Asks: 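Here you go, one structure.
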Amino acid sequence: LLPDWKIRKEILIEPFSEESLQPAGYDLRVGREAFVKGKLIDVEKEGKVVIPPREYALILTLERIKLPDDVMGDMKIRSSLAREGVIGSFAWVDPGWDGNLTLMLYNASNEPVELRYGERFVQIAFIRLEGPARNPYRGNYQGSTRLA
Amino acid sequence: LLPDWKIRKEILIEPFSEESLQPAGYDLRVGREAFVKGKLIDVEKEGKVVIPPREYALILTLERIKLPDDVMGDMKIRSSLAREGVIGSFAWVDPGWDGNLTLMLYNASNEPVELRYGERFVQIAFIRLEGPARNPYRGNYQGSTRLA
Amino acid sequence: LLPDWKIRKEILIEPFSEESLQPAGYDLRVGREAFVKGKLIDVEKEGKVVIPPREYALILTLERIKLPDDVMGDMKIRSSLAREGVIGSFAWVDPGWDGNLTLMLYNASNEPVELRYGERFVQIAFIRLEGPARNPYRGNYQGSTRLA
Ligand SMILES: O=c1ccn([C@H]2C[C@H](O)[C@@H](COP(=O)(O)O)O2)c(=O)[nH]1
Ligand SMILES: O=c1ccn([C@H]2C[C@H](O)[C@@H](COP(=O)(O)O)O2)c(=O)[nH]1
Ligand SMILES: O=c1ccn([C@H]2C[C@H](O)[C@@H](COP(=O)(O)O)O2)c(=O)[nH]1
């Protein structure tokens, strides 16, 4: 697992925010795109993304994450959102990945959960593989937008 | 964390599917058993398992996973399902585990989520322990069926 | 990742329960505080905490977890709860953390999920950082109570 000072040197995080740097992870921020109730949302334009109660939202990360072939992305919801009743349905960030992440966030609470554009909401930890993956990732690769 | 080429040599995955092999994990597939709305389902016979909207399903993995005493199973939903609004409630795969996994998948969306028999739905990563666990797992062990 | 025998020597777990020790993790137990339906609950006094169907609860862990600057806390719901339809919305346990954890647990089932005071419900795994985090955690730090 990469500590904070090693995250700067191993993972390409654009744009990078020093405040998003955690002791052993990086706080991914809300990007320009979102998907709530079957509608695409321009979080960059609208400025926010509101996850209605008991609804899930596909949120595009502001950061474009590029993982080396020997690093795995382990994402967890920011504790703030968890304490708000928000559940994150995160998959692995395969070694070699490159592009903005489409993160599923479910508002299990009865109050709407508002997420400002560029606000930190998911801390991604980076676990180093024992060796570079024989076959780096090649699926939703190079995604710069919300991918379904 | 075991890369793809090391997963072949350290973890017993039966049946094994080369397509389920990920850069740093293995895509567990839907097995023969499932549990939705208080009913047992024969996904092998019925061929599919449908998680109704806002309902959770206990799904038996097609693969029988046997973990060495120094490897921990880290499971995450397949991004495809996450983008569908499906949330996985996965526990740790203790070092030493052996048997098919009962995976809780919650359909947080408003559309039914269909999972074919043998379809990949959960990628399990394998983290190597600093040393073999003093007491390997002995609880729902050797489970070859859905375990409640 | 710390095996069971290394968890005793690296992580400060108070109070510690040998039964909560897993092959590669520790089963965190339900503490004295809980938060369900906008109300604070005295699980120590009341003895239990009931997560109503389709509701989430903020549960304070009985154990006060103190992580070294080079260890990350990876929490997952206990398989028992997962098989019950309970989903855990857990964030990272930053290296250096010290204090009781506020764990979000969502009852996705249609039956109430009862959690006795001191009952194990979340197994926390400990991943060692490649090096001590440059900036250990300093946010909801030293939390001995439910923190929102
Ligand atoms: O919530 C997620 C999780 C992963 N990814 C990215 C990183 C991965 O390379 C890929 C998902 O494939 P898996 O690693 O989950 O198999 O897409 C996302 O965009 N959103
Ligand atoms: O979603 C899961 C997670 C784990 N297991 C298996 C592997 C573990 O050995 C055991 C669960 O015990 P814990 O590791 O969660 O404590 O059952 C499952 O069947 N389904
Ligand atoms: O579910 C959780 C997860 C984490 N923490 C603690 C440990 C962390 O130090 C901090 C949350 O900050 P992050 O690590 O999630 O960024 O609070 C909790 O109390 N509950």
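All ligand and atom numbering here is 1-based and tracks the order in the structure. These numbers come from the heavy atoms of this one structure, side chains and all, not from hydrogens, waters or symmetry mates. Throughout, protein chains are lettered first and strands after them, A, B, ... in sequence-line order, and every chain is numbered starting at 1.
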Asks: Hey, is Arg29(C) close enough to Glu63(C) for a salt bridge, meaning N to O under 4.0 Å?
Replies: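 The answer is yes: the pair qualifies as a salt bridge.
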Asks: Centre-to-centre under 6.0 Å for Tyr26(A) and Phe126(A), is that the case here?
Replies: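 So the answer is no for these two rings.
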Asks: Less than 4.0 angstrom from a charged side-chain N to a carboxylate O is my criterion; do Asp70(B) and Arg128(B) meet it?
Replies: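 Salt bridge between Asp70(B) and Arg128(B), a charged N being under 4.0 Å from a carboxylate O: yes.
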Asks: If the criterion is any heavy atom closer than 4.0 Å to an atom of ligand 2, which residues make the list?
Replies: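 Residues within 4.0 Å of ligand 2: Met75(B), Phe90(B), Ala91(B), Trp92(B), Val93(B), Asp94(B), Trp97(B), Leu101(B), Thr102(B), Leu103(B), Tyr137(B), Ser79(C), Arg83(C), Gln123(C).
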Asks: Checking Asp98(C) now: which residues fulfil side chain to side chain contact (heavy atoms under 4.5 Å, CB included) with it, not counting sequence neighbours?
Replies: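 Checked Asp98(C) against side chain to side chain contact (heavy atoms under 4.5 Å, CB included); matches are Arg64(C), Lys66(C), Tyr141(C), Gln142(C).
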Asks: State whether a side-chain donor-acceptor pair under 3.5 Å links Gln22(A) with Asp27(A).
Replies: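 Yes, a side-chain donor-acceptor pair sits under 3.5 Å.
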Asks: Assess whether atom CZ of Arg138(B) is packed by more than 12 heavy atoms of other residues, nucleotides or ligands within 6.0 Å.
Replies: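 Buried by this count: over 12 neighbours within 6.0 Å.
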